[PDB]
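Data block below; observations after.
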Amino acid sequence: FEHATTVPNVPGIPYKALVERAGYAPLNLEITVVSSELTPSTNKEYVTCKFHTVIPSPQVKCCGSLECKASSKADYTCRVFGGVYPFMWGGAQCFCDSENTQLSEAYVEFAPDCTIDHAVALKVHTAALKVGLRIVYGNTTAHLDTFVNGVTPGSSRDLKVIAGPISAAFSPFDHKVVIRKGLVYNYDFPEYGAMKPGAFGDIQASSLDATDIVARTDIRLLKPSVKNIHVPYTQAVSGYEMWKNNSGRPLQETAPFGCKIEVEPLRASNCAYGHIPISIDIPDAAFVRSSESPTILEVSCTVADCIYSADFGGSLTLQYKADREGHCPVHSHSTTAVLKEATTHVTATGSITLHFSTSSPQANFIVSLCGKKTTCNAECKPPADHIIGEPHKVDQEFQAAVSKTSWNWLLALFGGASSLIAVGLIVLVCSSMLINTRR
Amino acid sequence: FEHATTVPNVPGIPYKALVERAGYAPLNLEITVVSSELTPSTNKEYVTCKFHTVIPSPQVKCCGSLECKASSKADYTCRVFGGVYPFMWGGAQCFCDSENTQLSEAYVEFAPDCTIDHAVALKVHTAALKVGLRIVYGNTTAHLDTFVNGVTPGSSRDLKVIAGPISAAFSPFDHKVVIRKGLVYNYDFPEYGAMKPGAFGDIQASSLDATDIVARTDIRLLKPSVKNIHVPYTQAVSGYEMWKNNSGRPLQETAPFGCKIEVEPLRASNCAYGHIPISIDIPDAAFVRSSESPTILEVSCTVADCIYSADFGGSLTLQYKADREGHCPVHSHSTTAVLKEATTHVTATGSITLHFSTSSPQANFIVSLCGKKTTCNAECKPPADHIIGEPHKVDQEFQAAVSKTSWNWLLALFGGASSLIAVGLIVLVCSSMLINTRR
Amino acid sequence: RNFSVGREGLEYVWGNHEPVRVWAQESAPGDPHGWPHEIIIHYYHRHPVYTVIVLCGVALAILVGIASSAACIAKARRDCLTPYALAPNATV
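Chains as they are written, first to last, in UniProt numbering: chain A, 798 to 1236; chain B, 798 to 1236; chain C, 636 to 727.
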């Protein structure tokens, strides 16, 4: 037999539901998302890092021409200059007094440290949320992992868990991101081949070991304007490093919904957003016939003092009368309240005390024991502590957040107003009747 | 001098423009897409192929109980049977005939031939076009490859060019595509970890040799029911093989716009779709002040026997009066027609023979010989050649597809229709005035 | 085998040969410079729907022009005659 329920997409929170297998005694079902793994689809665009300018040893044909031929190196920008008459440490270094042409060369490659200091830009799209589930139900507990696409069954043991799609489409990563040393930054990096001199993407390649390097750096070579041989040149400050100095802060401190961003592969861990549809086929052998389980003839709810808060600040008690001892399930059918306990070893007769949490000051919810239903009605107070170390175990509905008394006052004031317009209609009728009754 | 023009995205088609930079003698500019490589954001999901089922040497416990265990192998499935008493060629293989238990084990792995026959599921979010452009300007000729995005500067040492973005949002590939033996098919393949028994993606893994293979095959084991030791099993037919047998035609034979699809990497090529916004920085060393170029005082168009066709069915002799002999560029400014040649040697006086193609039924196109402009006009005939193996060199537009000699007829018809009611209105207004003014 | 192809052209692959590409001219019956009916037939074979919509629009505009002009002129003449149709012995 299969069951299905929506589940709040919040990590660590144990969601709880009751499966009402018809003639079988109900069974508790706590759905607990151990962790979430929103994996974006990604492709490497290019590797980049601090370009290491390489100016190869100059070439000189002291009495003739030199070709300014092309080469495949990144931003290969060689130029030829005459009258160089360069001096080396040993002295003059050319055949001719005047017609000495000199070839100056410059290109760039990844610095040696780039093997670690590099960053990779990646386009990312259509992120799919993976999740780790731990399911506990009756005397049985199981753990599972599933891609929440609404199609794949991440089945394990006997649980035919199927999950998704996500109630809201979301990704923390924008379609352009850059990964560095495990950090990541959303950044509209320039496209492959779009190297801009002095900005991120100054030098680019498909792999850091690759010779297929393309770059733009505004490298320009000046005349050897000194007697000592030299190759004076200038260029834009490594755009990669310039970016680093002003990169903005990473997504680990910018991703919403508290999702902790992680790399290798780039993925978002523990995201908390929307809700997860869940369906679970369970082997009927996990349930029991209603005659085998105990069942309660009579039950009533008396709520103790309670606090509406993220934690189990509420406490309630139930008197019960049962046919026999055994583990009855206990659950709240109302969405605005969840019980801490999920099972009770019911006696033939007695009472149980249960802890619960609620977001509505009106503790107005229907508790169930062994499938029987009991209404609870109490006024919870606000907690004395403004901030606590635990997320709210339940959402809130504004229609449910109005207190029984505040709701009565509102409906009494609008009732008054509506009674005055009703009196209006009454008198507007009777004013016609005054004429028509004695015409 | 920087110049920019739109260019029809068609490979091999000669597109021609004249850079009328009036401070210098006009220069011919012919731009032709020599090739294109529409290369989308290909990312691997999983490899797949005909899974080789492995039913390993079964386990038996001649006098004891056996248990099933979980395993990392894909779709790993086990069953246990008692009272099995299996035989082998030597005879009975156990001493007990009652509690003798047999563990049957089955799982899957990629067949050895999958190293070649493997299919791979590729997701492709969008294509970043890259076009190889051949450029000729003046006496010079050049080639360069530019990513069509309108941002990256492609360079040919001399020329620099920026092209893109393509006006059309075209992509031949669907979001989901699968490669096979260099063939490719757009297909609704299931995501990683999602497997449908007997359909494409029955077995899936990140690599053809990855140990973390995952699969679903509905493999189920029957009870061993014969003397000879056996592990009778049944399964869904391989979903990969089934898909292959009903794969439909590959995208190589289905992409529109004449796109040719290639593998390694997956790429579209020669796609004739939309137009390319192109801008070019023709080096000023390529021009001369108008005074240094030959120039003509008078020019005249003698178009005759022109045939509007994809090939150069139009031809004319262009008579001219010129200042000096030399080469002069020639171009058809109006997009409705394109000349075959772009420059010709010119004398001090004579006529130049020319050829052209047009889609309009008449030669009503503006033509210029290196400066001065004239408009041709003669009517062009359609050829009997309904089909030819050469692509059209001009679009067709309803702004001028109607012949002027027939358009004048349509205008005369609307003239009659409108003039009738015009006369009617005039006569009504006149009579209205007569009733009040000549009364 | 019959295959349609327009100005965009068509590619056919046969056997293991290289693909063959072909493109269609706007070749059709009639003549875009001939008699008006030769014009209409030529454009019809070039673009049936556009030719039909153009010819029907022209014919309808002509019919509306005729009907409206006749109504205008005959009504104006009728009301112009009206004073003389009424008045006997008046200027005919």
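We put the beta carbon where it would ideally sit given N, CA and C, even for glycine.
Kindly list, in the order they appear in chain B, the residues whose Cβ is closer than 8 angstroms to that of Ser703 (chain C).
-> Neighbours of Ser703 (chain C) on chain B, chain order: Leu1217, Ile1218 and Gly1221.
With a 10 Å radius around its C-beta and 16 neighbouring C-beta atoms as the bar for buried, classify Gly1111 (chain A) as buried or exposed.
-> Of the other Cβ atoms in all chains shown, 16 or more fall within 10 Å of the Cβ of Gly1111 (chain A); this residue is therefore buried.
Identify, in the order they occur along the chain, each residue of the same chain with its Cβ nearer than 7 angstroms to the Cβ of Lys1178 (chain B), setting aside the five sequence neighbours on each side.
-> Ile1104.
Output the distance between the C-alpha atoms of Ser662 (chain C) and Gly650 (chain C), rounded to the nearest integer angstrom.
-> Their Cα atoms are separated by approximately 29 angstroms.
Distance between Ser1106 (chain A) and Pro1158 (chain A) (C-alpha atoms, nearest Å) | If I take the Cα positions, the gap works out to 9 angstroms.
Straight-line gap, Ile1218 (chain B) to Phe1195 (chain B) (C-alpha atoms, nearest Å) | The straight-line gap from Cα to Cα measures roughly 28 angstroms.
Could you tell me the distance, in whole angstroms, from the CA atom of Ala1198 (chain B) to the CA atom of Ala1160 (chain B)?
-> Approximately 12 angstroms, taken between the alpha carbons.
Residues bridged to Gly990 (chain B) by DSSP?
-> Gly990 (chain B) pairs with nothing; no bridge assigned.
Under 7 angstroms by beta carbon: chain B residues contacting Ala925 (chain A) = Chain-order list of chain B residues neighbouring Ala925 (chain A): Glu988, by C-beta distance under 7 angstroms.
Mind checking who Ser1106 (chain A) pairs with in its DSSP beta bridge?
-> Under DSSP, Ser1106 (chain A) takes part in a beta bridge, and its partners are A:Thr1155.
Nearest chain A C-beta to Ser838 (chain B) closer than 8 angstroms, yes or no?
-> Output row for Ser838 (chain B): interface = yes.
Beta carbon proximity, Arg636 (chain C) to chain B, threshold 8 angstroms | The beta carbon of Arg636 (chain C) sits no closer than 8 angstroms to any beta carbon of chain B.
Neighbouring residues, chain B, relative to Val693 (chain C) (Cβ below 8 angstroms) = Those are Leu1207, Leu1210, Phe1211 and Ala1214, listed as they occur along chain B.
Using the rule of at least 16 other Cβ atoms within 10 Å of the residue's Cβ for burial, across every protein chain shown, is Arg818 (chain A) buried or exposed?
-> Using a 10 angstroms sphere on the CB of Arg818 (chain A), the tally of other CB atoms reaches 16 or more, which defines it as buried.
For the 8 angstroms Cβ check, are there 3 or more pairs between the stretch 905 to 920 of chain A and the stretch 999 to 1006 of chain A?
-> With a cut-off of 8 angstroms, the stretch 999 to 1006 of chain A and the stretch 905 to 920 of chain A count as touching, because enough Cβ pairs lie within range.
Give every residue of the same chain whose Cβ lies closer than 8 angstroms to the Cβ of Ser964 (chain B), excluding the five residues on either side of it in the sequence, and list them in chain order.
-> The beta carbon of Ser964 (chain B) sits closer than 8 angstroms to the beta carbons of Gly1071, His1072 and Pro1074 from its chain, once the five residues preceding and following it are set aside; these are given in chain order.
Do three or more CB pairs link the stretch 935 to 944 of chain A to the stretch 865 to 874 of chain A at distances below 8 angstroms?
-> By the Cβ criterion, the stretch 935 to 944 of chain A is not in contact with the stretch 865 to 874 of chain A, since fewer than three pairs of Cβ atoms, one from each stretch, lie closer than 8 angstroms.
Is there contact here, the stretch 804 to 813 of chain A with the stretch 876 to 892 of chain A, by at least three beta-carbon pairs under 8 angstroms?
-> Touching, no.
Leaving out five residues before and five after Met1039 (chain B) in sequence, what residues of the same chain have Cβ atoms less than 8 angstroms from its Cβ?
-> For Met1039 (chain B), same chain residues with a beta-carbon under 8 angstroms away, outside a window of 5 residues either side, are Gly995, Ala996 and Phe997 in chain order.
Where does the unbroken alpha helix (DSSP H) through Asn1233 (chain B) begin, and where does it stop?
-> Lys1201 to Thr1234 is the extent of the alpha helix (DSSP H) around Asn1233 (chain B).
Thinking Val975 (chain B) and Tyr989 (chain B) are a contact (beta carbons under 8 angstroms), I'd like their distance in whole angstroms, please.
-> Contact between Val975 (chain B) and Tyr989 (chain B) does not hold, since their C-beta atoms are separated by about 13 angstroms, which reaches or exceeds 8 angstroms.
Check each residue of the stretch 1025 to 1042 of chain A: if its Cβ is closer than 8 angstroms to any Cβ of chain B, include it; give the result in chain order.
-> If the cut-off is 8 angstroms between Cβ atoms, the stretch 1025 to 1042 of chain A has nothing near chain B.
CB contact flag (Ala1033 (chain A), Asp1009 (chain A), <8 angstroms) | Not closer than 8 angstroms, so no.
Pairwise C-alpha distance: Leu835 (chain A) and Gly951 (chain A) | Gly951 (chain A) and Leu835 (chain A): Cα-Cα distance of roughly 16 angstroms.
Confirm, please, whether the CB-CB distance from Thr1172 (chain A) to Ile1184 (chain A) is below 8 angstroms.
-> No; because the gap between Cβ atoms is not below 8 angstroms, this pair is not in contact.
Verify whether the separation of the beta carbon atoms of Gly1123 (chain A) and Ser1090 (chain A) is less than 8 angstroms.
-> The Cβ atoms of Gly1123 (chain A) and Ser1090 (chain A) sit closer than 8 angstroms to each other.
Assign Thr1008 (chain B) to one of three DSSP states: helix, strand, or coil.
-> Reduced to three states, the DSSP call for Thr1008 (chain B) is coil.
Supposed contact pair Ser1203 (chain B) and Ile674 (chain C) - C-beta distance, whole angstroms, cut 8 angstroms = The beta-carbon separation of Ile674 (chain C) and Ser1203 (chain B), rounded to 5 angstroms, stays under the 8 angstroms limit for a contact.
Beta-carbon separation of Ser1044 (chain B) and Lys1057 (chain B) under 8 angstroms?
-> By the CB criterion at 8 angstroms, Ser1044 (chain B) and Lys1057 (chain B) fall outside the cutoff.
Candidates B:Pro1029, B:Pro1126 and B:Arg1013, of which the one nearest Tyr873 (chain B) by Cα = Among B:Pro1029, B:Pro1126 and B:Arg1013, the Cα nearest to that of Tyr873 (chain B) is on B:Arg1013.
Name, going along the chain, the residues of the stretch 637 to 653 of chain C whose beta-carbon falls closer than 7 angstroms to a beta-carbon of chain B.
-> Residues passing the 7 angstroms Cβ filter: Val640, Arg642, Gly644, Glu646 and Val648.
For the beta strand (DSSP E) containing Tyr843 (chain B), list its first residue and its last residue.
-> Start and end: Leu824 to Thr845.
For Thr1133 (chain B), name the three-state secondary structure that DSSP assigns.
-> Three-state result, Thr1133 (chain B): coil.
How do the stretch 920 to 928 of chain A and the stretch 814 to 834 of chain A stand: do at least 3 beta-carbon pairs fall below 8 angstroms, yes or no?
-> Yes, the stretch 920 to 928 of chain A is in contact with the stretch 814 to 834 of chain A.
Give a yes or no on whether the C-beta atoms belonging to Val921 (chain A) and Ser838 (chain A) are separated by under 8 angstroms.
-> Taking 8 angstroms as the cut-off, the Cβ atoms of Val921 (chain A) and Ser838 (chain A) count as close.
Should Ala702 (chain C) and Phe1211 (chain B) be called a contact, given that it needs their Cβ atoms to be closer than 8 angstroms?
-> Not a contact, by the Cβ cut-off of 8 angstroms.
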